[PDB]
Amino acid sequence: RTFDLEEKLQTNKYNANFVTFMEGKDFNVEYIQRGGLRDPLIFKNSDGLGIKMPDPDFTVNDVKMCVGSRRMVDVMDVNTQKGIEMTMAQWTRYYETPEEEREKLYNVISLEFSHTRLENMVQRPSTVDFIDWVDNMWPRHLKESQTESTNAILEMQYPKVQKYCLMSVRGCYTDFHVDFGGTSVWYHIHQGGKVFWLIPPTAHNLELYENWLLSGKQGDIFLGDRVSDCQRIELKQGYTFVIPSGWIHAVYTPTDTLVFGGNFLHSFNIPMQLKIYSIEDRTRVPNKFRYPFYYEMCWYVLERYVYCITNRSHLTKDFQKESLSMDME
């Protein structure tokens, strides 16, 4: 990295105001229908959101005991933004190491803990449940059949992207990116704090982003300097943040932090979701870093809209029968 992160954290220049500060009770389906979930949102308190979180003093070791000591986790090397892998016990050892003894800065942003004990300790905002394509569009008998708690693709029965635990040490930095498939993101600061820089997905900015990706100079060019308006904003302990489809963001961690969050597609900004998918295609993003079963899901969305509106099914007889059995439960 050749830019100075500390000047990016200190400057007053990222002074756009893109974020809407909301109350949880107002974050409902009617709000989504009216606004298209186009605006990033901050909930300074959880009242009215319908979230559930672990004990306030939950630790990384607690996460490890819920997911398993031997669970392989993807870890980011902050200096290179490259991925490595280790077990959750090894990750916990790292995390518990005093700061002045850690040889390198590593970050975990990708531990998906669905189908472990941890899963029932964390609930996302109720309203996300009413609109996530996984919950509302994917054949339910397939989702319910998932047993594997890792993100091994051969065992994956639906897009396993709903619930992640992020564990970040002071000094961590995740460089600018758009979440896979143009997914929207919810993000809850259980403990600690985060700094985000937000860049809106205008056609121009998305062109810049793609060209930056294709240049390979991500360590040299701080993308928030290349655009007309960027917002840097701090999330404090207990805040919930929702990031809309397409939004280009980077994140810095000023104190050891534990976050619960996750990703979702939805029906109100499909064009952006498709745009982002096509950027991933052109920039040759490896499958492993993409939304699993993306076009499969899109076919299921079409079928659900036609069925729900017209009562005509385009699922197989067997699939219809599986669905009817569940309707009778």
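A residue's number is simply how far along the shown sequence it sits, counting from 1.
Looking at mean Cα B-factors across 231 to 239 and 137 to 145, the upper value is held by 231 to 239. Remark: stretch with higher mean C-alpha B factor among 292 to 300 and 40 to 48 is 40 to 48. Per the PDB record, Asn287 has a higher Cα B-factor than any other of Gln33, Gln273, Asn287, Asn263. Across the residues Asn107, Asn151, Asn205, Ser215, the deposited record lists the maximum Cα B factor for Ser215. The PDB entry assigns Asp26 a C-alpha temperature factor belonging to the highest third of its chain's modelled residues. When all modelled residues of the chain are sorted by CA temperature factor, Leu9 is found within the highest third.
Sort the chain's modelled residues by C-alpha temperature factor and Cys308 lands in the middle third, per the entry. Looking at the C-alpha B-factors along this chain, the one for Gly219 belongs to the highest third. The PDB entry assigns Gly192 a C-alpha temperature factor belonging to the middle third of its chain's modelled residues.
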